[PDB]
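Novice: Mind looking over this structure? Questions follow.
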Amino acid sequence: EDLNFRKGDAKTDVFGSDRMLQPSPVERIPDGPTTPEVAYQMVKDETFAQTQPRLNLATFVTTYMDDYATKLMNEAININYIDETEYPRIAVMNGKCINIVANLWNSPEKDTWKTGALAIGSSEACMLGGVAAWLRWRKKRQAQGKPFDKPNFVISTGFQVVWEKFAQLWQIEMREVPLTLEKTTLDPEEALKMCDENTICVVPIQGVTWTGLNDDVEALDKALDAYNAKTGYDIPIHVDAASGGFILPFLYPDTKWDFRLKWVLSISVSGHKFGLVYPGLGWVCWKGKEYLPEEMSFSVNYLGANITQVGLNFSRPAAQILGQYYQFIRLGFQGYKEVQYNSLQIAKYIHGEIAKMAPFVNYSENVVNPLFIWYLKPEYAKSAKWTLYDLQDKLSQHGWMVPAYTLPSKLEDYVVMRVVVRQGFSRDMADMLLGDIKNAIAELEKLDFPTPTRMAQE
Amino acid sequence: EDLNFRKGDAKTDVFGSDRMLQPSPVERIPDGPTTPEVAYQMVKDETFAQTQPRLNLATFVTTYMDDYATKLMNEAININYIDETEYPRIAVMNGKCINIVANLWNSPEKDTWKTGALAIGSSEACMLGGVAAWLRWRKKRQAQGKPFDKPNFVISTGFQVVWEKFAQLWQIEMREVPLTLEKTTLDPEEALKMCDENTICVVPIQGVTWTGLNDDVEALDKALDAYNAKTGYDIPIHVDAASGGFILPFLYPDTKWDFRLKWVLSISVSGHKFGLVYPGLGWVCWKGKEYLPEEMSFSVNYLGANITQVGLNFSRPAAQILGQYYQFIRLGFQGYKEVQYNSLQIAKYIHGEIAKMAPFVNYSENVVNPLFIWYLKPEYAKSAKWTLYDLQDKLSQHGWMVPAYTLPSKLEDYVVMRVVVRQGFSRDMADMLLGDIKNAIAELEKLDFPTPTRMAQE
Amino acid sequence: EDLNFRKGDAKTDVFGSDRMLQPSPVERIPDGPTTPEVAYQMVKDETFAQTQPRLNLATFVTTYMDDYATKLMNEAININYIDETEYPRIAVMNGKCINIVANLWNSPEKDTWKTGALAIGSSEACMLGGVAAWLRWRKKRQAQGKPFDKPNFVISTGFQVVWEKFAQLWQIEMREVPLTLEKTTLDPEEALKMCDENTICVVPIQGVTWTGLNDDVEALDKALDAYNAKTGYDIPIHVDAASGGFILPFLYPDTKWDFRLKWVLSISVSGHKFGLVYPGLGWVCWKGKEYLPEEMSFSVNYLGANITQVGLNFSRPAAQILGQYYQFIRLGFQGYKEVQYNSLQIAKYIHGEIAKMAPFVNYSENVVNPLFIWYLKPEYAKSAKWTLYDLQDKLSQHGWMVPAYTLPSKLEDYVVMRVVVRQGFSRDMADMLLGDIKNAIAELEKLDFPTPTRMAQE
Amino acid sequence: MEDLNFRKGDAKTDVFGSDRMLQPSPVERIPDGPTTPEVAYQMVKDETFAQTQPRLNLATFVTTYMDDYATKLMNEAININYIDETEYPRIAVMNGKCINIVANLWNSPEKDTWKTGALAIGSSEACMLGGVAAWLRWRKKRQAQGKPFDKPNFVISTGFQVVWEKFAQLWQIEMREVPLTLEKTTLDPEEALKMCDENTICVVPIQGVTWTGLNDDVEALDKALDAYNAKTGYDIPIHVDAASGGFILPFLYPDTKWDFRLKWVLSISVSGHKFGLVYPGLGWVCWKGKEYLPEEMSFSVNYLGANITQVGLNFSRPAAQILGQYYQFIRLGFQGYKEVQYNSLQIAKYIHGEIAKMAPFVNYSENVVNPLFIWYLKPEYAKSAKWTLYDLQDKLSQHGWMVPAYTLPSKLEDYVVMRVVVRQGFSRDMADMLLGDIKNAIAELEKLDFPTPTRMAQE
Ligand SMILES: *Cc1c(COP(=O)(O)O)cnc(C)c1O
Ligand SMILES: *Cc1c(COP(=O)(O)O)cnc(C)c1O
Ligand SMILES: *Cc1c(COP(=O)(O)O)cnc(C)c1O
Ligand SMILES: *Cc1c(COP(=O)(O)O)cnc(C)c1O
């Protein structure tokens with residue numbers, strides 16, 4: 001007999017121990033240690049009772065990479081990117097990713113080492129673009145003898161929350177252009193009506209999270225050129241291309257949205273969305289070195305490479321740089337094109353099957369990013385006992401997360417549902433989702449009384 | 001450009017391929033092959049959208065073993081148990097497991113190699129016990145000149161479905177003794193009312209699936225001894241101990257339920273329930289060689305071990321034998337006792353926490369197996385808008401399976417919910433479950449209208 | 001110095017401990033636990049001193065799958081198939097496998113979800129087929145006013161033992177048709193002579209274990225059609241296709257043996273033999289819903305799939321279902337055909353090389369399954385000092401298991417040896433086997449006195 | 001027989017008998033076409049060989065070792081995006097529990113069970129959140145007072161880590177720097193108070209100054225600040241940059257009053273990936289109470305009954321580091337952290353003592369409070385030596401070490417120093433290897449007949 005079996009010795013079974021009769025620590029660090037197997041289970045087991053990543057259809061962020069990328073990134077788990085003197089090959093590799101992304105967006109910059117920065121996501125990449133737009137505007141207004149204490153920026157009401165963070169954390173006024181059924185993306189005319197001498201940039205979005213659509217950057221650029229010629233305000237574009245920045249170059253090469261446009265001075269993207277890398281990657285590029293203020297930035301030479309030093313974070317994992325560069329080499333342009341082709345084709349397939357179901361109507365007939373939204377047919381909704389929130393709950397019973405929500409300004413009465421198709425979500429998985437949607441519809445149509453969310457609508 | 005990238009060559013990305021734009025085969029084998037990576041994802045990805053095993057609280061069957069048992073079993077995946085001449089060490093190992101189980105049940109058999117058999121689960125083990133009881137009875141009645149064409153057996157209405165399978169597949173009449181609030185387990189007096197000259201055995205259950213309770217085997221044995229003495233019918237007991245066979249020896253050693261009893265001639269158990277082995281293990285033991293008919297069985301000597309050859313299956317995985325022997329050596333009696341103690345303590349803990357909640361009342365104050373059932377307070381239920389089926393659905397939205405069902409005959413008006421606590425379900429996971437139950441109750445109590453199942457009860 | 005080193009603490013070396021100076025438990029569970037490393041070695045080390053599976057040439061059961069199938073099945077070790085409500089995707093996958101198998105056997109059933117059942121092997125699949133035949137016959141005779149208490153079935157003496165198990169466990173009389181050199185497979189005329197008003201089915205075998213041959217199912221169907229027309233007895237066929245069920249559709253598609261035949265009402269197969277899945281898989285299909293008695297079976301709808309619930313086992317591993325579906329997708333029809341082609345070609349190669357050896361003659365000139373048997377030339381055997389049993393022992397000295405045995409009734413004086421070629425047994429391994437056979441012959445021919453088995457024959 | 005496409009990348013291709021491995025890696029543009037996974041794996045992996053191995057990187061404060069279970073747990077969460085809190089609410093709650101544990105390690109008096117704090121990628125984001133909150137609290141006060149709020153400043157030692165310069169640049173807030181001297185080797189409160197005025201949003205003492213390894217005296221700053229605020233009414237607060245010391249002081253110096261026990265310490269930040277013992281990607285910031293986190297910055301959402309404050313500069317990010325932190329808290333507990341930090345500090349103290357015995361070297365401080373320290377050349381030795389600490393850095397790099405040499409901040413900029421950081425996973429045995437290499441390097445450099453470039457640059 002083993003005296004200390006329950007206390008945690010070499011013979012203890014994890015689930016025959018005193019520790020696994022005790023709660024996990026909520027407030028205070030435990031006084032003493034446990035065995036690695038026990039602590040492993042205590043943390044691991046708490047992650048079971050939630051959505052499985054591959055069935056999270058709310059997220060845009062990568063939930064699958066192949067086994068070689070995964071092994072490569074796991075092996076770099078202890079590499080701190082910012083130690084560039086210690087890890088100069090990764091610093092160079094980061095710069096090469098920046099070059100490749102800038103050239104994917106048709107940068108006219110002549111320098112071999114393109115002007116850009118690594119980010120943890122589009123959040124940091126967006127904030128860097130906006131701070132740069134803010135600093136360029138401050139300098140221009142100062143040289144003109146004009147005030148520079150009340151900056152603002154203009155964006156669709158379909159903005160993603162990081163722009164609200166930017167507005168709050170830097171105390172910059174956000175001006176929002178509302179969505180309507182007639183103007184389902186940012187209308188250039190209405191955005192310009194909200195511009196003045198204090199506007200630091202307009203932010204069109206490629207891959208609006210609420211709708212899956214693309215603001216027309218080319219139409220914005222054309223309108224802005226006329227407006228800037230008339231006012232002299234010299235207002236630029238920063239493209240929030242979080243999703244579309246890794247869709248448009250491969251599937252829509254002739255759509256002019258990027259550094260080909262006169263007024264697009266910076267672009268940001270989520271490398272961990274359709275850049276196909278696990279969580280923790282974003283990129284921001286500037287059209288040239290003259291658009292990244294010296295106040296924000298400096299550059300260091302590593303093994304002949306000019307790597308710009310700009311960022312909100314400092315120490316950070318380096319694994320995502322290896323993952324991105326691996327994808328660029330493993331897939332190339334052709335491979336990126338076929339993977340995004342698959343994701344868009346599957347999104348289009350689900351869109352078409354949803355349109356055939358009696359309760360549903362799609363927000364758009366045009367699927368340009370691998371995601372889309374739909375709502376209840378207005379005539380169907382009036383007499384239905386259920387809402388899209390009830391459908392979300394039914395789908396959750398089978399492990400899916402398919403989110404229902406209200407649309408932004410002036411469409412807020414529309415409850416919609418969104419499906420995002422990422423690499424690793426196949427046609428076969430689409431059929432499973434659609435089968436569960438049909439069954440969920442059949443069960444909810446048997447209801448004799450309205451649900452809580454249905455009553456709230458009336 | 002790689003011409004065959006989409007068709008499946010060395011450069012193909014699984015989710016940039018034509019195969020992952022196609023549905024999985026429903027009716028016919030595909031005409032041609034795919035890459036192993038593609039096929040692996042196609043099969044694997046279908047298993048995502050269902051209950052995760054460690055959150056499956058309906059099942060009694062093991063969903064966790066430690067890393068060494070798991071590795072041992074994985075390494076034996078290609079070992080066919082039934083090739084005993086080729087794998088005689090595993091045949092002997094099977095015999096040693098049988099000895100250990102039979103002695104765990106206090107067999108008085110003097111032979112070193114105890115009379116018992118390997119099974120895939122309690123289904124086969126129960127059927128073998130029942131077939132043996134049927135053949136012993138047939139032989140007795142024929143020798144007595146009595147008819148033997150209408151056998152029956154007696155069991156609680158809380159029987160598990162394999163006994164209905166046995167009745168159907170062998171055409172033996174099942175006689176069911178009803179459950180009542182007054183007699184919540186098999187009452188011996190009522191069981192004897194259903195015994196006659198054609199009864200081949202009575203089947204008390206240790207670990208009734210519907211209720212979590214134990215039939216009183218000792219009381220049945222006493223009643224049966226008096227009955228057999230007056231009638232000469234010689235009716236035996238077969239104990240269905242699917243769960244309790246690996247609980248009672250460790251936590252209730254002095255409960256006289258096994259071969260210590262005169263009329264207990266066979267006992268069956270699920271090695272994959274509380275025997276702590278992954279799916280695919282059951283055991284059946286007989287009290288002595290004389291209770292296993294020669295018509296059913298023979299034995300072969302492997303390396304000096306006498307291994308009885310009886311079974312419904314033939315070729316089968318051998319991994320579960322290695323797993324069982326590992327558990328016996330790894331844990332021993334003390335280790336089994338500590339693991340089952342934990343599971344029972346967590347079940348009692350949840351049992352006590354459930355009783356404190358306003359909507360609930362427990363079916364029993366006595367928790368003798370690591371599971372229990374509760375129902376709605378009758379006064380609460382009459383005015384509640386929801387039923388336990390609604391609570392089951394709410395819990396499923398967080399990944400749990402906690403089943404609601406109506407109890408067997410004469411308690412069929414009771415809708416109950418059951419929680420089973422297995423090795424690998426910790427106190428921390430119990431708190432997560434109870435927190436989700438509390439949140440679910442709060443949500444259901446906001447309903448203004450009754451649910452479909454609530455209306456169905458009126 | 002570490003006081004508890006020998007007792008099993010964190011510093012203990014497995015083979016410097018007291019436990020590894022002690023024998024493994026034969027009769028009783030050890031009182032206390034050990035470390036997982038110690039227990040892992042104690043169980044693992046016992047499996048060393050026996051036949052290695054890839055050198056087991058006696059077994060028909062899969063001993064190799066590729067790395068992806070193996071990982072997929074290992075990852076499902078804790079999934080209990082029978083929890084279909086909890087794991088409905090695996091329940092649907094099971095049904096898809098059944099559809100594919102039935103269509104491989106040319107089922108005319110129009111229902112999308114074909115009538116069949118999952119099994120642990122051909123044992124359960126055969127018994128389910130046999131019980132269904134018994135129940136259909138019982139119902140017919142009852143409707144006719146005829147007795148139904150003495151059923152029989154007809155089979156070759158080349159039956160595999162599960163049919164004797166079936167006869168014993170259900171008390172159904174087995175009538176055996178003898179083998180002769182003139183009639184080396186089931187002779188239909190002799191089979192029909194054993195049919196009467198009490199015959200529930202005739203069982204032809206595809207892949208007779210003793211001989212490697214195929215009973216002629218079509219010839220049986222023809223004779224049975226005329227017999228049923230003249231008697232009205234309506235006697236069916238159940239095909240035991242344990243091996244051939246996954247050989248004939250790919251290599252002999254035009255051989256009429258399956259549901260193309262009028263009287264073939266059910267077929268069984270071992271998915272773990274030439275279905276190419278590790279141990280634990282069988283399938284049985286019925287020609288239509290009307291041939292599966294309602295007394296035996298019911299069906300449940302899972303996500304729109306009609307899954308029949310019939311079986312002898314209940315809880316069981318689900319891994320083998322994933323493995324079967326993986327093989328269907330990974331290989332397709334072409335892939336199955338190429339693997340079985342390789343296995344048959346290697347068997348034919350070994351067959352041709354055996355025929356060139358002076359002591360040996362093949363039982364059949366035609367190799368139709370990836371296995372065959374041979375015996376000693378009668379003139380050579382008479383003056384030889386050794387038998388095939390001695391050759392089996394010599395081969396065992398190099399790790400092979402190549403079994404020698406006497407053939408069934410009327411051929412019982414023929415001692416034969418069998419080789420089975422499974423996936424993972426290459427031409428290179430065949431050359432190693434043949435080299436060991438030649439060397440073994442050379443050694444045995446040096447004997448000056450006869451061996452015990454040679455003396456036993458005289 | 002021959003395989004026609006062997007060099008082009010087919011099923012038989014050997015990575016290093018292929019055309020692709022005769023070609024350079026892409027510098028400018030994405031390749032037109034794909035390669036096999038093995039080829040791409042080697043092309044990226046092989047570029048990482050020719051640089052410092054993490055466990056020999058003695059410049060970094062950031063974790064380079066966790067045990068196998070923490071590593072496995074974090075690897076298994078590589079595809080979990082923390083910010084999807086509705087989808088992953090158990091990790092959201094787990095994040096909140098980590099924040100609670102950290103806040104209580106720092107003796108927070110907050111009575112709410114769900115402490116006011118935020119997850120970060122490192123001390124950079126946590127420090128900026130602390131500063132933005134200080135900036136916003138100061139703005140709100142001056143606004144209510146009718147006073148101007150358009151020229152904020154903050155006060156910090158010249159030993160600041162670069163993220164505070166980023167904060168100054170990216171938010172256009174004036175950084176006021178207090179110089180270091182041999183007489184005042186850490187932040188002196190009196191000199192700091194001379195740089196405070198009505199526009200100062202906070203003072204930032206540092207626990208674990210990167211340049212020196214020392215701790216600013218927060219308690220002495222708190223006392224001086226209390227007197228100043230009582231006189232002026234400016235209400236200037238403390239934010240402690242405790243990137244390293246935040247996970248040393250509670251375990252090894254529990255009685256040092258540096259945290260929320262102090263009146264004016266309203267927020268504290270730390271790097272979980274330094275001495276919190278988690279791989280790269282973790283920082284934490286806590287506030288002394290909910291009232292010190294402006295609602296303008298923040299909101300909170302209830303997940304499974306837990307109140308999780310939503311504040312941050314990042315959005316989507318790996319969740320693995322949260323599981324790693326919670327694993328370490330449970331696996332080690334208070335005792336386990338104390339023993340690991342004890343080991344790291346003891347080995348730093350050991351190297352410190354052995355460095356002192358060597359003829360060329362003198363230590364900057366006799367007191368080692370964090371598992372790191374700096375030394376420089378003895379002044380009399382330096383004048384006649386032909387080499388500098390940069391030469392010793394280069395020599396050690398030849399054996400794979402990174403041991404950094406650099407000039408100290410303002411008023412000590414003439415001091416070339418070298419720093420050694422001891423992290424979990426750097427043992428006594430490895431310290432013996434480093435010291436043996438240091439001795440051998442000294443012997444070789446003393447053989448020089450002429451000065452090196454960096455020695456001449458000093459003249
Ligand atoms: C994803 C998203 C963001 C935020 O980017 P993260 O990568 O989550 O930090 C910003 N804008 C848009 C349009 C987005 O889709
Ligand atoms: C589990 C169960 C059975 C069926 O056993 P399996 O292991 O699923 O084959 C029979 N009886 C009882 C009491 C059970 O709990
Ligand atoms: C294998 C075999 C059986 C028994 O099947 P298992 O898969 O071992 O259960 C029955 N019939 C034949 C012809 C066989 O080869
Ligand atoms: C590390 C460090 C920083 C920067 O923190 P990161 O975790 O690298 O972002 C800021 N202040 C101090 C004192 C530091 O040591």
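Ligands are numbered from 1 in the order shown, chains are lettered A, B, ... in the order of the structure tokens, and residues start at 1 in each chain.
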Write out as a PDB file with N, CA, C and O atoms, in the first residue's frame each polymer residue (protein, DNA or RNA) that has an atom no more than 6 Å from ligand 2, with only C-alpha atoms and all ligand atoms counted.
Specialist:
```pdb
ATOM      1  N   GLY B 121     -18.431  -6.553 -24.130  1.00  0.00           N
ATOM      2  CA  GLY B 121     -19.115  -5.689 -23.187  1.00  0.00           C
ATOM      3  C   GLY B 121     -20.094  -6.511 -22.364  1.00  0.00           C
ATOM      4  O   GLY B 121     -20.127  -7.741 -22.451  1.00  0.00           O
ATOM      5  N   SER B 122     -20.919  -5.821 -21.570  1.00  0.00           N
ATOM      6  CA  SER B 122     -21.886  -6.583 -20.791  1.00  0.00           C
ATOM      7  C   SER B 122     -22.958  -7.206 -21.675  1.00  0.00           C
ATOM      8  O   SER B 122     -23.593  -8.172 -21.254  1.00  0.00           O
ATOM      9  N   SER B 123     -23.135  -6.719 -22.898  1.00  0.00           N
ATOM     10  CA  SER B 123     -24.123  -7.328 -23.783  1.00  0.00           C
ATOM     11  C   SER B 123     -23.811  -8.808 -23.990  1.00  0.00           C
ATOM     12  O   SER B 123     -24.599  -9.684 -23.619  1.00  0.00           O
ATOM     13  N   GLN B 160     -31.565  -3.120 -18.562  1.00  0.00           N
ATOM     14  CA  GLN B 160     -30.884  -2.502 -19.689  1.00  0.00           C
ATOM     15  C   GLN B 160     -31.184  -3.293 -20.960  1.00  0.00           C
ATOM     16  O   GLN B 160     -31.412  -4.501 -20.923  1.00  0.00           O
ATOM     17  N   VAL B 162     -29.963  -4.782 -23.407  1.00  0.00           N
ATOM     18  CA  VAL B 162     -29.414  -6.042 -23.925  1.00  0.00           C
ATOM     19  C   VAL B 162     -30.260  -7.241 -23.476  1.00  0.00           C
ATOM     20  O   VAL B 162     -30.320  -8.255 -24.177  1.00  0.00           O
ATOM     21  N   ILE B 205     -29.700  -6.483 -10.766  1.00  0.00           N
ATOM     22  CA  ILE B 205     -28.803  -5.557 -11.447  1.00  0.00           C
ATOM     23  C   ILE B 205     -28.071  -4.750 -10.392  1.00  0.00           C
ATOM     24  O   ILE B 205     -28.706  -4.197  -9.484  1.00  0.00           O
ATOM     25  N   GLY B 207     -26.144  -1.528 -10.282  1.00  0.00           N
ATOM     26  CA  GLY B 207     -25.947  -0.348 -11.103  1.00  0.00           C
ATOM     27  C   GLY B 207     -27.043  -0.191 -12.144  1.00  0.00           C
ATOM     28  O   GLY B 207     -26.753  -0.102 -13.342  1.00  0.00           O
ATOM     29  N   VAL B 208     -28.301  -0.129 -11.695  1.00  0.00           N
ATOM     30  CA  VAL B 208     -29.440   0.020 -12.606  1.00  0.00           C
ATOM     31  C   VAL B 208     -29.275   1.295 -13.415  1.00  0.00           C
ATOM     32  O   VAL B 208     -29.168   2.385 -12.850  1.00  0.00           O
ATOM     33  N   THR B 209     -29.306   1.170 -14.744  1.00  0.00           N
ATOM     34  CA  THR B 209     -29.009   2.310 -15.610  1.00  0.00           C
ATOM     35  C   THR B 209     -30.003   3.452 -15.407  1.00  0.00           C
ATOM     36  O   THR B 209     -29.614   4.629 -15.426  1.00  0.00           O
ATOM     37  N   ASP B 240     -26.440  -9.164 -13.275  1.00  0.00           N
ATOM     38  CA  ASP B 240     -25.998  -8.123 -14.204  1.00  0.00           C
ATOM     39  C   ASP B 240     -25.348  -7.027 -13.369  1.00  0.00           C
ATOM     40  O   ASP B 240     -26.037  -6.193 -12.785  1.00  0.00           O
ATOM     41  N   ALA B 242     -23.033  -4.743 -14.524  1.00  0.00           N
ATOM     42  CA  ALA B 242     -22.305  -3.982 -15.539  1.00  0.00           C
ATOM     43  C   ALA B 242     -21.447  -2.856 -14.960  1.00  0.00           C
ATOM     44  O   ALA B 242     -20.250  -2.762 -15.267  1.00  0.00           O
ATOM     45  N   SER B 243     -22.038  -1.995 -14.113  1.00  0.00           N
ATOM     46  CA  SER B 243     -21.270  -0.970 -13.407  1.00  0.00           C
ATOM     47  C   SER B 243     -20.755  -1.466 -12.056  1.00  0.00           C
ATOM     48  O   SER B 243     -19.560  -1.346 -11.757  1.00  0.00           O
ATOM     49  N   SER B 270     -19.162  -4.898 -17.201  1.00  0.00           N
ATOM     50  CA  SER B 270     -18.557  -4.142 -18.292  1.00  0.00           C
ATOM     51  C   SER B 270     -17.177  -3.682 -17.845  1.00  0.00           C
ATOM     52  O   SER B 270     -17.058  -2.758 -17.040  1.00  0.00           O
TER      53      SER B 270
ATOM     54  N   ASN C 313     -23.697  -7.323 -29.731  1.00  0.00           N
ATOM     55  CA  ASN C 313     -22.984  -6.415 -28.844  1.00  0.00           C
ATOM     56  C   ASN C 313     -23.746  -5.099 -28.664  1.00  0.00           C
ATOM     57  O   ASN C 313     -24.670  -4.781 -29.412  1.00  0.00           O
ATOM     58  N   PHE C 314     -23.361  -4.341 -27.636  1.00  0.00           N
ATOM     59  CA  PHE C 314     -23.954  -3.032 -27.413  1.00  0.00           C
ATOM     60  C   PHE C 314     -22.820  -2.019 -27.425  1.00  0.00           C
ATOM     61  O   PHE C 314     -22.382  -1.608 -28.501  1.00  0.00           O
ATOM     62  N   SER C 315     -22.314  -1.580 -26.271  1.00  0.00           N
ATOM     63  CA  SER C 315     -21.147  -0.689 -26.275  1.00  0.00           C
ATOM     64  C   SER C 315     -19.958  -1.363 -26.964  1.00  0.00           C
ATOM     65  O   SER C 315     -19.728  -2.561 -26.801  1.00  0.00           O
TER      66      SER C 315
END
```
Novice: Show me, as CSV, the residues of chain A having an atom within 9 Å of chain C, each with the closest atom pair and its distance in Å, using only C-alpha atoms.
Specialist:
```
residue,atom,partner,partner_atom,distance
A:1,CA,C:32,CA,4.7
A:2,CA,C:32,CA,6.6
A:5,CA,C:33,CA,8.5
A:9,CA,C:9,CA,7.0
A:10,CA,C:9,CA,5.1
A:11,CA,C:35,CA,4.6
A:12,CA,C:35,CA,7.9
A:13,CA,C:36,CA,9.0
A:435,CA,C:303,CA,7.4
A:436,CA,C:303,CA,7.5
A:439,CA,C:303,CA,7.7
```
Novice: Can I get the selection written as an mmCIF file, in the first residue's frame, with N, CA, C and O atoms?
Specialist:
```cif
data_model
loop_
_atom_site.group_PDB
_atom_site.id
_atom_site.type_symbol
_atom_site.label_atom_id
_atom_site.label_comp_id
_atom_site.auth_asym_id
_atom_site.auth_seq_id
_atom_site.Cartn_x
_atom_site.Cartn_y
_atom_site.Cartn_z
ATOM 1 N N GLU A 1 0.811 -1.215 0.000
ATOM 2 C CA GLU A 1 0.000 0.000 0.000
ATOM 3 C C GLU A 1 0.846 1.268 0.000
ATOM 4 O O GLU A 1 1.845 1.372 0.717
ATOM 5 N N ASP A 2 0.424 2.236 -0.811
ATOM 6 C CA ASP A 2 1.162 3.476 -1.025
ATOM 7 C C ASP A 2 0.537 4.575 -0.165
ATOM 8 O O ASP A 2 -0.602 4.999 -0.407
ATOM 9 N N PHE A 5 -0.478 8.044 -1.978
ATOM 10 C CA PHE A 5 -1.117 7.945 -3.289
ATOM 11 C C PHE A 5 -2.048 9.122 -3.565
ATOM 12 O O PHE A 5 -2.065 9.662 -4.674
ATOM 13 N N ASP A 9 2.198 11.495 -5.474
ATOM 14 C CA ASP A 9 3.553 10.957 -5.538
ATOM 15 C C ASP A 9 3.764 10.262 -6.876
ATOM 16 O O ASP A 9 2.970 10.459 -7.804
ATOM 17 N N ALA A 10 4.818 9.454 -7.003
ATOM 18 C CA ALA A 10 5.095 8.865 -8.307
ATOM 19 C C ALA A 10 4.042 7.841 -8.728
ATOM 20 O O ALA A 10 3.931 7.543 -9.924
ATOM 21 N N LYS A 11 3.251 7.314 -7.795
ATOM 22 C CA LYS A 11 2.266 6.302 -8.148
ATOM 23 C C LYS A 11 0.851 6.851 -8.328
ATOM 24 O O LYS A 11 -0.010 6.112 -8.815
ATOM 25 N N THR A 12 0.609 8.120 -7.983
ATOM 26 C CA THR A 12 -0.732 8.712 -8.014
ATOM 27 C C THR A 12 -1.375 8.622 -9.393
ATOM 28 O O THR A 12 -0.738 8.906 -10.414
ATOM 29 N N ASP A 13 -2.649 8.228 -9.415
ATOM 30 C CA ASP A 13 -3.499 8.432 -10.583
ATOM 31 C C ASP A 13 -4.198 9.783 -10.457
ATOM 32 O O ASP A 13 -4.749 10.103 -9.399
ATOM 33 N N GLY A 435 -27.557 20.552 -43.367
ATOM 34 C CA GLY A 435 -28.474 19.563 -42.834
ATOM 35 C C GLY A 435 -28.971 19.926 -41.448
ATOM 36 O O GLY A 435 -30.161 19.772 -41.144
ATOM 37 N N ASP A 436 -28.077 20.450 -40.607
ATOM 38 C CA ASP A 436 -28.466 20.873 -39.267
ATOM 39 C C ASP A 436 -29.360 22.112 -39.307
ATOM 40 O O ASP A 436 -30.252 22.267 -38.462
ATOM 41 N N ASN A 439 -32.892 20.814 -40.301
ATOM 42 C CA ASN A 439 -33.530 20.156 -39.165
ATOM 43 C C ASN A 439 -33.936 21.164 -38.101
ATOM 44 O O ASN A 439 -35.039 21.079 -37.544
#
```
Novice: Could you go through range 48-116 of chain D and tell me which residues DSSP, when run on the backbone, assigns to helix (DSSP H, G or I), listing them as number ranges by chain?
Specialist: D: 54-56, 68-76, 89-105
Novice: Neighbouring residues of ligand 4 are defined here as those with any atom at most 7 Å from a ligand atom, counting only C-alpha atoms and all ligand atoms; list them as a PyMOL selection string.
Specialist: (chain A and resi 313-315) or (chain D and resi 61+121-125+160-163+206-210+241-244+271+273+283)
Novice: Can you tell me which residues sit at most 10 Å away from ligand 3, counting only C-alpha atoms and all ligand atoms, written as a PyMOL selection string?
Specialist: (chain B and resi 80-83+312-316) or (chain C and resi 59-61+119-127+158-163+204-210+212+214+239-245+268-274+279-283)
Novice: With the cut-off set at 12 Å and counting only C-alpha atoms and all ligand atoms, tabulate each residue of chain D with an atom at most that distance from an atom of ligand 1, showing the nearest atom pair and its distance in Å to one decimal, ordered by chain and increasing number, as a Markdown table.
Specialist:
```
| residue | atom | partner | partner_atom_place_in_ligand_line | distance |
| --- | --- | --- | --- | --- |
| D:81 | CA | ligand 1 | 8 (O) | 8.8 |
| D:82 | CA | ligand 1 | 8 (O) | 10.0 |
| D:83 | CA | ligand 1 | 8 (O) | 7.8 |
| D:84 | CA | ligand 1 | 8 (O) | 9.4 |
| D:312 | CA | ligand 1 | 9 (O) | 10.5 |
| D:313 | CA | ligand 1 | 9 (O) | 8.8 |
| D:314 | CA | ligand 1 | 9 (O) | 5.8 |
| D:315 | CA | ligand 1 | 9 (O) | 4.2 |
| D:316 | CA | ligand 1 | 8 (O) | 3.8 |
| D:317 | CA | ligand 1 | 9 (O) | 7.1 |
| D:318 | CA | ligand 1 | 8 (O) | 10.7 |
```
